[PDB]
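Down below is the structure, laid out as structure tokens.
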Amino acid sequence: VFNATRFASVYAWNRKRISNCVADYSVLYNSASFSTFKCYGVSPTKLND
Amino acid sequence: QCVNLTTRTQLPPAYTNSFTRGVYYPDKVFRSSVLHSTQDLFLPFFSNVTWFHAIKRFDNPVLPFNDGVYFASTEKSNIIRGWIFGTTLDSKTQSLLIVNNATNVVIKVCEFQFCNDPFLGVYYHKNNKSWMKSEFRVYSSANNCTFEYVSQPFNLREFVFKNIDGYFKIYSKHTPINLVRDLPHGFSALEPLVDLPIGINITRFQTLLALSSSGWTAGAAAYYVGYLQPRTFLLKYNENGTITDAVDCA
Amino acid sequence: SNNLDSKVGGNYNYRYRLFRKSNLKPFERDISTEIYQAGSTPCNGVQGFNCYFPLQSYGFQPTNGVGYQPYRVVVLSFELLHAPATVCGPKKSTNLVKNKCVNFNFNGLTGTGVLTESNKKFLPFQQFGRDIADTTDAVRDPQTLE
Amino acid sequence: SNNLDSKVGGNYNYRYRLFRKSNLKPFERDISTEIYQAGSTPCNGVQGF
Ligand SMILES: *[C@@H]1O[C@H](CO)[C@@H](O[C@@H]2O[C@H](CO)[C@@H](O)[C@H](O)[C@H]2NC(C)=O)[C@H](O)[C@H]1NC(C)=O
Ligand SMILES: *[C@@H]1O[C@H](CO)[C@@H](O[C@@H]2O[C@H](CO)[C@@H](O)[C@H](O)[C@H]2NC(C)=O)[C@H](O)[C@H]1NC(C)=O
Ligand SMILES: *[C@@H]1O[C@H](CO)[C@@H](O[C@@H]2O[C@H](CO)[C@@H](O)[C@H](O)[C@H]2NC(C)=O)[C@H](O)[C@H]1NC(C)=O
Ligand SMILES: *[C@@H]1O[C@H](CO)[C@@H](O[C@@H]2O[C@H](CO)[C@@H](O)[C@H](O)[C@H]2NC(C)=O)[C@H](O)[C@H]1NC(C)=O
Ligand SMILES: *[C@@H]1O[C@H](CO)[C@@H](O[C@@H]2O[C@H](CO)[C@@H](O)[C@H](O)[C@H]2NC(C)=O)[C@H](O)[C@H]1NC(C)=O
Ligand SMILES: *[C@@H]1O[C@H](CO)[C@@H](O)[C@H](O)[C@H]1NC(C)=O
Ligand SMILES: *[C@@H]1O[C@H](CO)[C@@H](O)[C@H](O)[C@H]1NC(C)=O
Ligand SMILES: *[C@@H]1O[C@H](CO)[C@@H](O)[C@H](O)[C@H]1NC(C)=O
């Protein structure tokens, strides 16, 4: 999803579906690679809960 | 592909006596040398299970799916190969596809536009003296997908299906009786194999059977359908904690 | 993503929708390349007065200002809590002590006890033992199955 | 109390607490203003990311 080869163009934006698995973000929010991560109704902490 | 092989006019329904079946481990709990009672959705003892054939014959109806189903087949040549469970069966909603293909078992949930007469077809021993699959004639489209599993690739066969609380629980036993004909009374239980959290409604189901677009042979097989019901069963566990005998209290 | 997605002449592979007949709706996707009508005039053919092609390409360059640089977006979207739950958060585990009194949990079987290596055998699908009183008396480790 | 308190440009003179380590105890008052650390980082001084 993030470290994918190349990204899609916004006139044509990709939708990738996800299922049947576990969402550990420990290598995601705790990484300084993103200049902006905002959640709009949950704490990024609480996501692993 | 998608084709109507509508030749067999509907006939009158057949029946038999499901003496001591549809006992399955109700929950994943170890218990031993102990007689645990439980109300759950069970096939009523000695009930008139509805009986079906392929032969000349290729019976495959859109049965009800109400309060869970026991399904089984007595089999050669692995004829019964999946089931279409759903609630419109024409992509106006999702529906569940279960299939056993010659490469793998696959289970999928999408807004499937099914065939009027959905099936799978294989050339019969022809020309190369190998059999091979070719006609996948079950659905025309799949647009909005939710679940998609495929197995790592590659008689009496018993199954139970419950869509309770949006979990589709499958219980099964493959017991290779060499007894040649009667539905053989005597006792055993189904283990759960898999659970799918699909959340979809189901109201009807249909079985899938293995068959130039028309005129063919249906390989001979027999299969049986009985709906489960809320009852109370007293379950004898043995030392090992297998369900070794039962009483239907009613 | 200026160190990825910019190209020294401009990365015109990346594109937006500069024109439309009305402002679009939440999560809509539009692939149209049919020419836009900016006035009251019916625009016909590949060009004309008040004819515009509704797409445009970004001039993403490694020399752009902090703003005209390119920036990746992943929206982790999900609709919620109107079905069974097929994706959840991580459930961290700790080492398995024995012969001590503990507040145990196994798969959500929270409880309290002393844990000891059973000689009971279970059939593979079973996760926990009960007893004659229909109280719980045993559990399988979901990691290192015993 | 709008006709007593509410200015045209708005009373900012009344405040509430949005961040706190823990939910406070009954009849407890908090005069804290020390910077809350949402990130895993420490965050000494008046401000930070
Ligand atoms: C398979 O046969 C059925 C009928 O046996 C076809 O359904 C008909 O479809 C037409 C339009 O093509 C409707 O006007 C009729 O009312 C339908 N009749 C019935 C009884 O279904 C169906 O189209 C056929 N499928 C294919 C792929 O040919
Ligand atoms: C059995 O069904 C599966 C699922 O549709 C088929 O697997 C696909 O086969 C092609 C060609 O080998 C692969 O490119 C796809 O990636 C496979 N899909 C998946 C999800 O693995 C399989 O080919 C089918 N076999 C038969 C004989 O019908
Ligand atoms: C699959 O789901 C999408 C989204 O619910 C459906 O797209 C909608 O289609 C209807 C009818 O054309 C429109 O009124 C909506 O505006 C569409 N919604 C969005 C967000 O695209 C799509 O039709 C569904 N497909 C099937 C086969 O059920
Ligand atoms: C419970 O299951 C076990 C395992 O199949 C049975 O024990 C086996 O019995 C044979 C015959 O005496 C021995 O040769 C094996 O070595 C035993 N295996 C083990 C693991 O003990 C046991 O008899 C079964 N008991 C009941 C009442 O079903
Ligand atoms: C996740 O679970 C499996 C157990 O099902 C762990 O794999 C086992 O590792 C032990 C110790 O090296 C071996 O004795 C077992 O034979 C392994 N089991 C299998 C299935 O090969 C796996 O390591 C676990 N992961 C973590 C991080 O604990
Ligand atoms: C089973 O069907 C037969 C008809 O063949 C009927 O007479 C009998 O009452 C039925 N029994 C049950 C339990 O449904
Ligand atoms: C068998 O015949 C089919 C066509 O009828 C052909 O495509 C296939 O390759 C043949 N198989 C072998 C092993 O030659
Ligand atoms: C299934 O039907 C029930 C009753 O109409 C409804 O509450 C539920 O939302 C439906 N779910 C789906 C996936 O159609």
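Inspect all residues belonging to segment A:34-49 and state whether any of them is in contact with a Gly (Cβ under 6 Å, 6 or more places away or on another chain) and charged (D, E, K, R).
yes
Does segment B:125-167 hold any residues that are in a strand (DSSP E or B) and either over 18 Å from the mean Cα position of the chain (by Cα) or within 16 Å of ligand 6 (Cβ to nearest atom) (or both), and which are they?
Within segment B:125-167, B:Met132, B:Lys133, B:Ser134, B:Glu135, B:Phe136, B:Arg137, B:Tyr139, B:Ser140, B:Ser141, B:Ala142, B:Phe147, B:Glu148 qualify.
For B:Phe159, indicate whether it is more than 16 Å from ligand 5 (Cβ to nearest atom) and more than 14 Å from every other protein chain (Cβ to nearest Cβ).
On the way: more than 16 Å from ligand 5 (Cβ to nearest atom): yes; more than 14 Å from every other protein chain (Cβ to nearest Cβ): yes.
Considered against the rule, which asks whether it is more than 16 Å from ligand 5 (Cβ to nearest atom) and more than 14 Å from every other protein chain (Cβ to nearest Cβ), B:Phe159 comes out as yes.
Residues being surrounded by 10 or more Cβ atoms within 10 Å (Cβ to Cβ), more than 8 Å from chain B (Cβ to nearest Cβ) and assigned to a loop (DSSP other than H, G, I, E, B): count how many of those fall in segment C:74-88.
Our first condition is that a residue be surrounded by 10 or more Cβ atoms within 10 Å (Cβ to Cβ); within segment C:74-88, this holds for C:74, C:76, C:83-88.
Cutting the leftovers down to more than 8 Å from chain B (Cβ to nearest Cβ) gives us C:74, C:76, C:87-88.
With assigned to a loop (DSSP other than H, G, I, E, B) added as a condition, the list becomes C:74, C:76.
Adding up the residues that qualify gives 2.
Restricting the search to segment B:85-116, which residues are more than 19 Å from B:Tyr167 (Cβ to Cβ) and within 13 Å of ligand 8 (Cβ to nearest atom)?
If the condition is that a residue be more than 19 Å from B:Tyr167 (Cβ to Cβ) and within 13 Å of ligand 8 (Cβ to nearest atom), then B:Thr88, B:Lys92, B:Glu111 are the ones that fit.
Quick check on this structure: which one of C:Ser57, C:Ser118 is within 12 Å of another protein chain (Cβ to nearest Cβ), closer than 30 Å to A:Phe7 by Cβ and among the polar types (S, T, N, Q)?
Details: C:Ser118 fails: closer than 30 Å to A:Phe7 by Cβ.
The unique qualifying residue is C:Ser57.
Go through segment B:201-236 and count every residue that is among the β-branched types (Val, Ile, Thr) and more than 12 Å from the chain's Cα centre (by Cα). Give the derivation first.
To start, the set of residues in segment B:201-236 that are among the β-branched types (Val, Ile, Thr) comprises B:202-203, B:207, B:217, B:225, B:232.
With the extra rule that they be more than 12 Å from the chain's Cα centre (by Cα), the set shrinks to B:202-203, B:217, B:232.
Residues meeting the conditions: 4.
For segment C:121-146, name all the residues that are more than 13 Å from every other protein chain (Cβ to nearest Cβ) and of a type in the set (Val, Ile, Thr).
Answer for segment C:121-146, where residues must be more than 13 Å from every other protein chain (Cβ to nearest Cβ) and of a type in the set (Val, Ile, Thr): just C:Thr144.
Applying the selection to segment A:31-49, what residues are of a type outside the set (S, T, N, Q) and either more than 7 Å from chain C (Cβ to nearest Cβ) or under 30 Å from C:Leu24 (Cβ atoms) (or both)?
The initial filter retains those residues of segment A:31-49 that are of a type outside the set (S, T, N, Q), namely A:32, A:34, A:37-42, A:44, A:46-47, A:49.
Listed by number, the residues that qualify are A:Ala32, A:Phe34, A:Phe37, A:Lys38, A:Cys39, A:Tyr40, A:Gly41, A:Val42, A:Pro44, A:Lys46, A:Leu47.
Of the residues C:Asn99, C:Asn107, which is within 14 Å of another protein chain (Cβ to nearest Cβ), farther than 30 Å from A:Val10 by Cα and not acidic (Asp, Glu)? So that I can check it myself, show each step before the final result.
Working: C:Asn99 fails: within 14 Å of another protein chain (Cβ to nearest Cβ).
After ruling out the rest, the residue left standing is C:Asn107.
So which residues in segment B:210-232 are surrounded by 14 or more Cβ atoms within 10 Å (Cβ to Cβ) and under 27 Å from B:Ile164 (Cβ atoms)?
Step one: filter segment B:210-232 for residues surrounded by 14 or more Cβ atoms within 10 Å (Cβ to Cβ), giving B:210-211, B:216, B:218-229, B:231.
Listed by number, the residues that qualify are B:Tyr223, B:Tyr224, B:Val225, B:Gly226, B:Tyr227, B:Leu228, B:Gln229, B:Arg231.
Taking the criterion of being over 29 Å from B:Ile79 (Cα atoms), within 16 Å of ligand 6 (Cβ to nearest atom) and part of a strand (DSSP E or B), would at least one residue in segment B:232-245 satisfy it? Steps first, please.
If we filter segment B:232-245 for residues that are over 29 Å from B:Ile79 (Cα atoms), which is where we start, we get B:232-245.
Those still in the list that are within 16 Å of ligand 6 (Cβ to nearest atom) too: none.
Scanning segment B:232-245 turns up no residue that is over 29 Å from B:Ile79 (Cα atoms), within 16 Å of ligand 6 (Cβ to nearest atom) and part of a strand (DSSP E or B).
Take chain A and flag every residue that is under 20 Å from C:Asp5 (Cα atoms) and either part of a helix (DSSP H, G or I) or among the β-branched types (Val, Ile, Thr) (or both).
A:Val1, A:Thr5, A:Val10, A:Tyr11, A:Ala12, A:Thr36
Look at B:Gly186 and say whether it is more than 28 Å from B:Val122 (Cβ to Cβ), out of contact with any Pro (no Cβ under 6 Å at 6 or more places or on another chain) and in a loop (DSSP other than H, G, I, E, B).
Details: more than 28 Å from B:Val122 (Cβ to Cβ): yes; out of contact with any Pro (no Cβ under 6 Å at 6 or more places or on another chain): yes; in a loop (DSSP other than H, G, I, E, B): yes.
Yes; evaluated as a whole, the condition is true for this residue.
From the residues in segment A:1-30 that are under 30 Å from C:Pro54 (Cβ atoms) and of a type in the set (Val, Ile, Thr), which one is farthest from the other protein chains (Cβ to nearest Cβ)?
Here the answer is A:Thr5.
Of the residues C:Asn3, C:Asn44, which single one is surrounded by fewer than 13 Cβ atoms within 10 Å (Cβ to Cβ) and under 30 Å from A:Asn48 (Cβ atoms)?
Numbers: C:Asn44 fails: under 30 Å from A:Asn48 (Cβ atoms).
After ruling out the rest, the residue left standing is C:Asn3.
In segment B:1-31, which residue that is of a type in the set (A, V, I, L, M, F, W, C) and closer than 19 Å to B:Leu190 by Cβ is farthest from the other protein chains (Cβ to nearest Cβ)?
B:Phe19
Would you check if B:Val122 is away from ligand 1 (no atom under 14 Å from the Cβ), surrounded by 15 or more Cβ atoms within 10 Å (Cβ to Cβ) and over 19 Å from the mean Cα position of the chain (by Cα)? It would help to see each step written out before you state the result.
Working: away from ligand 1 (no atom under 14 Å from the Cβ): yes; surrounded by 15 or more Cβ atoms within 10 Å (Cβ to Cβ): yes; over 19 Å from the mean Cα position of the chain (by Cα): yes.
For B:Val122, the condition - away from ligand 1 (no atom under 14 Å from the Cβ), surrounded by 15 or more Cβ atoms within 10 Å (Cβ to Cβ) and over 19 Å from the mean Cα position of the chain (by Cα) - is met.
Working only within segment B:1-33, note down all residues that are outside any loop (DSSP other than H, G, I, E, B) and within 16 Å of ligand 4 (Cβ to nearest atom).
Restricting attention to segment B:1-33, the residues satisfying the condition of being outside any loop (DSSP other than H, G, I, E, B) are B:14-18, B:24, B:29-30.
Across segment B:1-33, the qualifying residue is only B:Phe30.
Going by what's in this entry, would B:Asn116 be described as away from ligand 6 (no atom under 16 Å from the Cβ), within 14 Å of chain A (Cβ to nearest Cβ) and surrounded by fewer than 14 Cβ atoms within 10 Å (Cβ to Cβ)? Before the answer, list the steps.
Numbers: away from ligand 6 (no atom under 16 Å from the Cβ): yes; within 14 Å of chain A (Cβ to nearest Cβ): no; surrounded by fewer than 14 Cβ atoms within 10 Å (Cβ to Cβ): yes.
So B:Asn116 fails the test.
Please specify each residue of segment B:168-200 satisfying the condition of being buried (at least 17 other Cβ atoms within 10 Å of the Cβ) and more than 17 Å from the chain's Cα centre (by Cα).
Of everything in segment B:168-200, those that are buried (at least 17 other Cβ atoms within 10 Å of the Cβ) and more than 17 Å from the chain's Cα centre (by Cα) turn out to be B:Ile198, B:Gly199, B:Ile200.
For segment B:99-137, how many residues are under 23 Å from B:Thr6 (Cα atoms) and not aromatic (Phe, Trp, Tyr)?
First pass over segment B:99-137, keeping only residues under 23 Å from B:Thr6 (Cα atoms): B:99, B:112-124, B:133-137.
So of that shortlist, the ones also not aromatic (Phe, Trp, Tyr) come out as B:99, B:113, B:115-118, B:120-122, B:133-135, B:137.
Total satisfying the criteria: 13.
Taking the condition of being within 13 Å of another protein chain (Cβ to nearest Cβ) and surrounded by 11 or more Cβ atoms within 10 Å (Cβ to Cβ), how many residues in segment C:6-29 meet it?
Final tally of qualifying residues: 13.
Quick note: the coordinates plus some simple rules give every number you see, no bench work behind them. Cβ atoms come from the backbone with ideal geometry, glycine included; neighbour counts cover every protein chain shown.
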